[PDB]
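Visitor: Structure below; questions to follow.
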Amino acid sequence: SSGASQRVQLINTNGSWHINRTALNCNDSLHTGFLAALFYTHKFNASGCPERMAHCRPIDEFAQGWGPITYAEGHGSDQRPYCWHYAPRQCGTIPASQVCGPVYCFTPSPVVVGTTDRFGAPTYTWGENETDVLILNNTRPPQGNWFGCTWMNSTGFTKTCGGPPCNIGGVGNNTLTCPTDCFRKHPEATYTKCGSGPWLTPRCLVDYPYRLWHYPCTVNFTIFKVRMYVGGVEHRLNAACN
Amino acid sequence: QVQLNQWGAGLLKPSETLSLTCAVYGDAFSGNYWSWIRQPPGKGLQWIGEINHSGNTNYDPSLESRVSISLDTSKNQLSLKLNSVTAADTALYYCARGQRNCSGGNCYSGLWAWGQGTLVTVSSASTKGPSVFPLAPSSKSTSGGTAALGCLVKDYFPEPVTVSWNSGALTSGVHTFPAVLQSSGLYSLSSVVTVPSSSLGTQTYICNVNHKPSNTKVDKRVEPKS
Amino acid sequence: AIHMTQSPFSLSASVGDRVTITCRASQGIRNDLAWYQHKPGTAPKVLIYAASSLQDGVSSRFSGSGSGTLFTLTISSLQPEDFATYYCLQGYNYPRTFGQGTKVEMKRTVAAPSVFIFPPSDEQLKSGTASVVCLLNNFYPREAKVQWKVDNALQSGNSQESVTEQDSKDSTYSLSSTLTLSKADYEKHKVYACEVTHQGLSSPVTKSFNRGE
Ligand SMILES: *[C@@H]1O[C@H](CO)[C@@H](O[C@@H]2O[C@H](CO)[C@@H](O[C@@H]3O[C@H](CO)[C@@H](O)[C@H](O)[C@@H]3O)[C@H](O)[C@H]2NC(C)=O)[C@H](O)[C@H]1NC(C)=O
Ligand SMILES: *[C@@H]1O[C@H](CO)[C@@H](O[C@@H]2O[C@H](CO)[C@@H](O)[C@H](O)[C@H]2NC(C)=O)[C@H](O)[C@H]1NC(C)=O
Ligand SMILES: *[C@@H]1O[C@H](CO)[C@@H](O[C@@H]2O[C@H](CO)[C@@H](O)[C@H](O)[C@H]2NC(C)=O)[C@H](O)[C@H]1NC(C)=O
Ligand SMILES: *[C@@H]1O[C@H](CO)[C@@H](O[C@@H]2O[C@H](CO)[C@@H](O)[C@H](O)[C@H]2NC(C)=O)[C@H](O)[C@H]1NC(C)=O
Ligand SMILES: *[C@@H]1O[C@H](CO)[C@@H](O[C@@H]2O[C@H](CO)[C@@H](O)[C@H](O)[C@H]2NC(C)=O)[C@H](O)[C@H]1NC(C)=O
């Protein structure tokens with residue numbers, strides 16, 4: 001339960017965010033360590049970033065949207081999470097065994113979500129308990145908790161949830177399902193209305209420590225401190241941009 | 001989409017202490033507040049009290065005298081406790097997660113994540129299974145090509161009773177009525193189904209009553225009366 | 001204590017109408033108001049918070065307006081799923097106080113009740129008591145009167161009705177009144193008449209049975 005662990009000297013504050021709450025379920029070398037568990041096991045992204053990023057588009061490509069904004073529960077065949085226009089599935093509860101590394105969620109600012117049983121109480125088993133789970137269920141904040149989450153699964157692929165995104169309408173089958181700010185293609189698809197993950201705009205994702213892991217081809221990116229407002233609350237946060 | 005989970009014993013006798021818990025999924029974050037709501041039967045929603053990110057609370061002045069809400073951040077569990085409970089505390093108790101933010105001057109609150117409810121019957125009665133008499137179809141109950149028959153589920157406590165017909169086969173035209181609290185303290189539910197006149201002698205109509213708080217099962221066969 | 005009064009308590013509307021329930025504050029509550037949707041069986045939903053914002057994925061029909069002492073929820077075209085009870089709620093004051101709720105039923109053509117009278121079972125009379133059930137089936141509107149005449153003796157106190165929630169599909173209410181007399185009293189009298197007055201009846205109907213039939 002409570003590691004009381006004797007004493008520590010300096011001026012103190014609270015209990016904070018624990019590491020044991022990280023699901024290290026990683027089936028490519030298991031681990032000799034923890035940094036070991038994540039690199040020499042799973043994320044083997046070497047240099048294919050030019051042609052991985054090839055399958056993504058500028059926002060200009062997509063069909064202009066008519067009329068009123070709706071929400072899409074389709075998410076189908078859209079399977080390139082490193083592109084800004086990935087239309088993700090709304091967040092469910094994902095069992096701890098399918099996660100390698102920490103899970104980050106975005107009230108646009110990033111926060112860690114830890115392992116827990118199906119009744120919401122934190123578990124500190126490094127997610128190796130079977131009943132451990134990552135309860136990611138989301139609702140768009142000013143009221144819910146976050147616009148979306150990104151994490152890495154047991155074979156090291158990045159996978160994201162959030163939203164659900166917006167059906168801004170469109171002319172043809174070459175049409176956009178907006179997971180971010182879009183007021184280019186439709187003048188009401190802002191991040192607060194359609195943002196479904198870290199992607200602040202088509203070309204800026206929220207900087208966070210495992211941004212280099214989950215979205216690896218944004219290494220070369222430039223980091224900016226930007227304000228944002230989410231139903232009244234001020235968010236100041238770094239964005240990796242290009 | 002986020003939905004909460006409520007636990008706790010729901011049947012009370014007067015002067016006990018009601019004590020629910022509620023798993024608000026997710027850590028306490030700045031501005032988050034959690035609150036308890038009750039719906040006494042026939043009345044509207046009624047506010048009990050809130051506890052927020054800071055640990056301090058507003059209650060209803062009626063219940064301050066004997067209520068209390070905490071938030072055990074260790075298990076991400078909300079707690080409601082009502083003391084010296086009265087039989088009038090019978091209601092449906094909801095727990096709700098919400099966010100309250102202030103843009104300087106003005107502020108807004110709202111509850112975006114909810115429990116499922118917990119019916120709490122407080123009544124000095126003891127859990128008694130029902131007596132299920134038939135409501136036999138007759139000419140005075142038959143008019144048309146449409147005859148009506150049913151089961152009167154009588155004198156049970158506490159509230160939750162379920163009636164199904166022909167063991168869940170019979171779907172169409174059934175009305176299971178809202179139970180009533182007779183002056184004894186027990187309840188009288190009544191479930192009727194209208195069936196084709198022509199089929200009264202030849203199709204068999206069983207009603208299947210279940211009062212789970214006493215582990216009572218009853219399958220009364222309802223048939224015509226001469 | 002800031003008292004919210006909500007209007008109207010009941011309201012009947014068709015699918016396609018504009019519907020404007022409102023909610024007035026005893027004193028100014030700024031605009032800390034919130035609108036919730038309640039359907040029997042489910043938890044409440046927030047639709048509107050801060051009196052004018054739309055919660056994520058609450059339909060465009062739902063417009064919230066007002067500030068100060070006077071707030072509206074407005075539905076654009078009523079949808080079948082929208083038929084529920086709506087309560088306002090202010091988050092500005094020490095005791096959070098609701099409105100009374102507005103139950104929004106569906107309008108339909110007048111239906112007359114089909115009254116059947118069920119006589120007490122012999123299974124029951126052996127336990128010492130008698131239950132006479134009077135069913136009023138699939139009628140609209142909801143208002144009705146059921147009275148018991150035991151040999152023309154109008155009763156009171158010994159009758160208990162309860163009415164279904166409107167049908168989700170045919171919009172018809174149904175009511176069941178239950179006389180309960182002891183065996184000894186039920187044995188005294190002959191006629192058990194359940195008299196029903198409803199708007200769909202041109203003049204009141206009575207179903208009845210004699211204690212032998
Ligand atoms: C996060 O979201 C997921 C999916 O929206 C939630 O899982 C869902 O949990 C509900 C709980 O009521 C399940 O409904 C139940 O389904 C069973 C099926 O037999 C039925 O018998 C019950 O009466 C009830 O209708 C729902 O099926 C389930 N969906 C999935 C895909 O598992 C999850 O609970 C959410 N976590 C939260 C809000 O903490
Ligand atoms: C996280 O898990 C590790 C598992 O070992 C815990 O480390 C152990 O802690 C207990 C008491 O706290 C010691 O008796 C062991 O010798 C520790 N082993 C080590 C240092 O590897 C650690 O305490 C857990 N963190 C918490 C507080 O949950
Ligand atoms: C993994 O978590 C589960 C709970 O989700 C643990 O199982 C519980 O253990 C306690 C110990 O007293 C029991 O009282 C509960 O009844 C158990 N849960 C149920 C209902 O099965 C489990 O111990 C944890 N880790 C493992 C598998 O060792
Ligand atoms: C981790 O996530 C990736 C996300 O795509 C999963 O990879 C897919 O796996 C399915 C089923 O085996 C295949 O049909 C797809 O073609 C795969 N997609 C790609 C692009 O590789 C992977 O299986 C997941 N690992 C798990 C679930 O542990
Ligand atoms: C990040 O930028 C660096 C420099 O632009 C890229 O790394 C170099 O790539 C060249 C090929 O043009 C190699 O010959 C060098 O050896 C690399 N240098 C180092 C030190 O890495 C790198 O590929 C960029 N990453 C991405 C994702 O594009």
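Chain labels run A, B, ... following the order of the structure tokens; each chain numbers its residues from 1, and ligands are numbered from 1 in the order shown.
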To check your reading of the model: which residues sit at most 7 Å from ligand 2 when counting only C-alpha atoms and all ligand atoms? Write the answer as a ChimeraX atom specification.
Guide: /A:2-3,5,20,124-125
Visitor: I'd like the contact shell of residue B:209 - 9 Å cut-off, only C-alpha atoms, skipping same-chain residues fewer than 6 positions apart - returned as a list in words.
Guide: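 Contacts, with the query itself left out: residues 130, 132, 151, 153, 161, 162, 163, 164, 165, 216, 217, 218, 219 and 220 of chain B.
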Visitor: Near chain B, meaning an atom within 9 Å, which residues of chain A appear when counting only C-alpha atoms? Write them as a list in words.
Guide: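 Interface list for chain A against chain B: residues 90, 91, 92, 113, 118, 119, 120, 121, 122, 135, 136, 137, 138, 139, 141, 142, 143, 144, 145, 231, 232 and 233 of chain A.
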Visitor: Identify every residue of chain C that has at least one atom within 9 Å of any atom of chain A, counting only C-alpha atoms, and report the result as a ChimeraX atom specification.
Guide: /C:49,55-57,59-60
Visitor: Any idea what's packed within 8 Å of residue C:2, counting only C-alpha atoms, ignoring anything in its chain fewer than 5 positions away? Could you give it as a ChimeraX atom specification?
Guide: /C:25-27,29,93,95,97
Visitor: Could you write out that same residue set with N, CA and C atoms as a short mmCIF file (atom, residue, chain, number, x, y, z; two decimals), in the first residue's frame?
Guide:
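part01.cif written:
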data_model
loop_
_atom_site.label_atom_id
_atom_site.label_comp_id
_atom_site.auth_asym_id
_atom_site.auth_seq_id
_atom_site.Cartn_x
_atom_site.Cartn_y
_atom_site.Cartn_z
N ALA C 25 -34.81 33.29 -12.26
CA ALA C 25 -34.09 33.32 -10.99
C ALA C 25 -34.64 34.41 -10.07
N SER C 26 -34.73 34.10 -8.77
CA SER C 26 -35.25 35.07 -7.81
C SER C 26 -34.39 36.33 -7.80
N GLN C 27 -33.07 36.17 -7.79
CA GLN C 27 -32.12 37.24 -8.03
C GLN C 27 -31.19 36.83 -9.16
N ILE C 29 -28.35 35.41 -11.24
CA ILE C 29 -27.43 34.30 -11.06
C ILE C 29 -26.34 34.42 -12.11
N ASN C 93 -24.84 29.98 -6.45
CA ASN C 93 -25.29 30.27 -5.10
C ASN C 93 -24.89 29.18 -4.11
N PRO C 95 -26.72 27.30 -1.82
CA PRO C 95 -27.43 26.05 -2.08
C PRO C 95 -27.70 25.94 -3.56
N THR C 97 -29.74 25.15 -6.51
CA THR C 97 -31.18 24.97 -6.58
C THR C 97 -31.60 24.70 -8.01
#
Visitor: Any idea which chain B residues end up within 7 Å of chain C if we count only C-alpha atoms, as a CSV table (one decimal) with C-alpha atoms, in the first residue's frame please?
Guide:
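To be explicit, this is the file written out as iface.csv:
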chain,number,residue,atom,x,y,z
B,44,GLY,CA,-37.8,16.5,-9.1
B,47,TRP,CA,-29.3,18.7,-4.6
B,58,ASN,CA,-21.5,23.0,0.1
B,60,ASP,CA,-28.0,21.4,1.6
B,106,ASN,CA,-18.3,35.0,-14.3
B,107,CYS,CA,-18.2,31.3,-13.5
B,108,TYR,CA,-19.9,28.2,-14.9
B,109,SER,CA,-20.6,24.8,-13.4
B,110,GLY,CA,-21.8,21.7,-15.1
B,111,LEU,CA,-22.0,17.9,-14.4
B,112,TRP,CA,-20.8,15.9,-17.4
B,114,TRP,CA,-22.7,10.6,-13.8
B,115,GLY,CA,-23.5,7.5,-11.9
B,116,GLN,CA,-26.2,5.0,-12.6
B,133,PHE,CA,-52.9,-13.6,-7.7
B,134,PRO,CA,-54.2,-13.9,-11.2
B,135,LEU,CA,-56.3,-11.3,-13.0
B,136,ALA,CA,-58.5,-13.7,-14.9
B,140,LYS,CA,-66.4,-8.1,-18.4
B,141,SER,CA,-62.6,-8.0,-19.2
B,177,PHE,CA,-47.8,-0.7,-13.8
B,178,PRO,CA,-45.8,1.5,-11.4
Visitor: With only C-alpha atoms and all ligand atoms counted, collect every polymer residue having an atom within 8 Å of ligand 4; state the result as a ChimeraX atom specification.
Guide: /A:79-80,98-99,152-159
Visitor: Can those selected residues be exported to a file as an mmCIF file, in the first residue's frame so that it contains N, CA and C atoms?
Guide:
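Wrote again23.cif, looks like this:
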data_model
loop_
_atom_site.group_PDB
_atom_site.id
_atom_site.type_symbol
_atom_site.label_atom_id
_atom_site.label_comp_id
_atom_site.auth_asym_id
_atom_site.auth_seq_id
_atom_site.Cartn_x
_atom_site.Cartn_y
_atom_site.Cartn_z
ATOM 1 N N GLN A 79 -5.637 4.615 -40.970
ATOM 2 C CA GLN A 79 -4.679 3.873 -40.145
ATOM 3 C C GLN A 79 -3.250 4.379 -40.353
ATOM 4 N N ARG A 80 -3.054 5.698 -40.276
ATOM 5 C CA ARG A 80 -1.716 6.298 -40.311
ATOM 6 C C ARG A 80 -1.585 7.380 -39.240
ATOM 7 N N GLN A 98 -2.088 -4.300 -23.440
ATOM 8 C CA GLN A 98 -1.882 -3.798 -24.797
ATOM 9 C C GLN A 98 -1.200 -2.436 -24.832
ATOM 10 N N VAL A 99 -0.380 -2.128 -23.829
ATOM 11 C CA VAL A 99 0.272 -0.829 -23.721
ATOM 12 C C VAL A 99 1.708 -1.037 -23.268
ATOM 13 N N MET A 152 1.696 3.757 -26.897
ATOM 14 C CA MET A 152 2.412 2.775 -27.692
ATOM 15 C C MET A 152 2.021 1.384 -27.211
ATOM 16 N N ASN A 153 1.707 0.470 -28.138
ATOM 17 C CA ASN A 153 1.181 -0.823 -27.724
ATOM 18 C C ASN A 153 2.283 -1.872 -27.670
ATOM 19 N N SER A 154 1.874 -3.113 -27.418
ATOM 20 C CA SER A 154 2.763 -4.191 -27.019
ATOM 21 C C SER A 154 3.680 -4.666 -28.135
ATOM 22 N N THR A 155 3.475 -4.202 -29.364
ATOM 23 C CA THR A 155 4.433 -4.423 -30.434
ATOM 24 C C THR A 155 5.078 -3.123 -30.891
ATOM 25 N N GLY A 156 4.831 -2.022 -30.189
ATOM 26 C CA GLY A 156 5.567 -0.795 -30.412
ATOM 27 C C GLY A 156 5.012 0.146 -31.453
ATOM 28 N N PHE A 157 3.786 -0.073 -31.911
ATOM 29 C CA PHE A 157 3.131 0.837 -32.839
ATOM 30 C C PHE A 157 2.429 1.942 -32.068
ATOM 31 N N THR A 158 2.505 3.151 -32.591
ATOM 32 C CA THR A 158 1.740 4.234 -32.009
ATOM 33 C C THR A 158 0.274 4.097 -32.409
ATOM 34 N N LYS A 159 -0.617 4.375 -31.455
ATOM 35 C CA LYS A 159 -2.054 4.252 -31.652
ATOM 36 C C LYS A 159 -2.728 5.331 -30.820
#
Visitor: Taking the DSSP secondary structure from the backbone, can you list the residues of stretch 53-204 of chain A that are helix (DSSP H, G or I), as a list in words?
Guide: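 Across stretch 53-204 of chain A, those assigned helix (DSSP H, G or I) are residues 53, 54, 55, 59, 60, 61, 96, 97, 98, 191, 192, 193 and 194 of chain A.
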Visitor: What does the file look like for those residues with C-alpha atoms, as a short mmCIF file (atom, residue, chain, number, x, y, z; two decimals), in the first residue's frame?
Guide:
data_model
loop_
_atom_site.label_atom_id
_atom_site.label_comp_id
_atom_site.auth_asym_id
_atom_site.auth_seq_id
_atom_site.Cartn_x
_atom_site.Cartn_y
_atom_site.Cartn_z
CA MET A 53 5.03 10.96 -44.12
CA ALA A 54 4.29 10.66 -47.83
CA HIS A 55 0.80 9.28 -47.13
CA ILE A 59 -5.29 20.66 -45.47
CA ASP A 60 -5.62 22.39 -48.86
CA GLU A 61 -5.96 19.01 -50.58
CA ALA A 96 -3.09 -2.85 -19.54
CA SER A 97 -1.59 -5.72 -21.49
CA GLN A 98 -1.88 -3.80 -24.80
CA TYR A 191 -9.64 22.75 -31.94
CA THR A 192 -12.17 23.31 -29.14
CA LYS A 193 -14.88 21.92 -31.43
CA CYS A 194 -13.01 19.19 -33.37
#
Visitor: Within 8 Å of ligand 5, counting only C-alpha atoms and all ligand atoms, which protein or nucleic acid residues do you find, written as an MDAnalysis selection string?
Guide: chainID A and resid 47 49:50 216:220
Visitor: Kindly save the residues from that selection, with N, CA, C and O atoms included, as a PDB file, in the first residue's frame.
Guide:
ATOM      1  N   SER A  47      14.554   5.121 -40.765  1.00  0.00           N
ATOM      2  CA  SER A  47      14.699   6.261 -41.661  1.00  0.00           C
ATOM      3  C   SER A  47      13.566   6.402 -42.661  1.00  0.00           C
ATOM      4  O   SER A  47      13.651   7.269 -43.535  1.00  0.00           O
ATOM      5  N   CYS A  49      10.937   7.759 -42.577  1.00  0.00           N
ATOM      6  CA  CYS A  49      10.097   8.927 -42.323  1.00  0.00           C
ATOM      7  C   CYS A  49       9.715   9.700 -43.578  1.00  0.00           C
ATOM      8  O   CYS A  49       8.583  10.211 -43.625  1.00  0.00           O
ATOM      9  N   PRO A  50      10.587   9.886 -44.574  1.00  0.00           N
ATOM     10  CA  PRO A  50      10.129  10.552 -45.804  1.00  0.00           C
ATOM     11  C   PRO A  50       8.949   9.875 -46.486  1.00  0.00           C
ATOM     12  O   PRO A  50       8.036  10.573 -46.947  1.00  0.00           O
ATOM     13  N   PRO A 216       7.412   9.920 -34.228  1.00  0.00           N
ATOM     14  CA  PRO A 216       8.878   9.999 -34.311  1.00  0.00           C
ATOM     15  C   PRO A 216       9.388  10.897 -35.421  1.00  0.00           C
ATOM     16  O   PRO A 216      10.479  11.459 -35.279  1.00  0.00           O
ATOM     17  N   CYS A 217       8.642  11.057 -36.512  1.00  0.00           N
ATOM     18  CA  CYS A 217       9.143  11.825 -37.646  1.00  0.00           C
ATOM     19  C   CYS A 217       9.066  13.327 -37.438  1.00  0.00           C
ATOM     20  O   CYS A 217       9.380  14.070 -38.373  1.00  0.00           O
ATOM     21  N   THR A 218       8.640  13.787 -36.259  1.00  0.00           N
ATOM     22  CA  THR A 218       8.707  15.192 -35.880  1.00  0.00           C
ATOM     23  C   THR A 218       9.934  15.493 -35.019  1.00  0.00           C
ATOM     24  O   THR A 218       9.899  16.410 -34.191  1.00  0.00           O
ATOM     25  N   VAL A 219      11.016  14.720 -35.192  1.00  0.00           N
ATOM     26  CA  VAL A 219      12.266  15.000 -34.485  1.00  0.00           C
ATOM     27  C   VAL A 219      12.761  16.396 -34.839  1.00  0.00           C
ATOM     28  O   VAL A 219      12.846  17.279 -33.977  1.00  0.00           O
ATOM     29  N   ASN A 220      13.033  16.622 -36.135  1.00  0.00           N
ATOM     30  CA  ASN A 220      13.572  17.870 -36.678  1.00  0.00           C
ATOM     31  C   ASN A 220      12.722  19.105 -36.355  1.00  0.00           C
ATOM     32  O   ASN A 220      13.164  20.225 -36.649  1.00  0.00           O
TER      33      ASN A 220
END
Visitor: Counting only C-alpha atoms and all ligand atoms, name the residues that have an atom within 9 Å of an atom of ligand 3; the answer should be given as a PyMOL selection string.
Guide: chain A and resi 116-119+123+125+128-132
Visitor: Take the residues from that selection and put them in a file with C-alpha atoms, as a PDB file, in the first residue's frame.
Guide:
ATOM      1  CA  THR A 116      -5.896   1.213 -12.670  1.00  0.00           C
ATOM      2  CA  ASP A 117      -8.480  -1.505 -12.035  1.00  0.00           C
ATOM      3  CA  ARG A 118     -11.961  -1.370 -13.633  1.00  0.00           C
ATOM      4  CA  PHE A 119     -13.152   0.765 -10.657  1.00  0.00           C
ATOM      5  CA  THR A 123      -2.558   0.160  -9.574  1.00  0.00           C
ATOM      6  CA  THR A 125       2.022  -3.123 -10.791  1.00  0.00           C
ATOM      7  CA  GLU A 128       1.528  -6.463 -15.534  1.00  0.00           C
ATOM      8  CA  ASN A 129      -1.624  -7.385 -13.607  1.00  0.00           C
ATOM      9  CA  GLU A 130      -4.282  -8.708 -15.970  1.00  0.00           C
ATOM     10  CA  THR A 131      -7.138  -6.770 -14.410  1.00  0.00           C
ATOM     11  CA  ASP A 132      -5.055  -3.589 -14.678  1.00  0.00           C
TER      12      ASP A 132
END
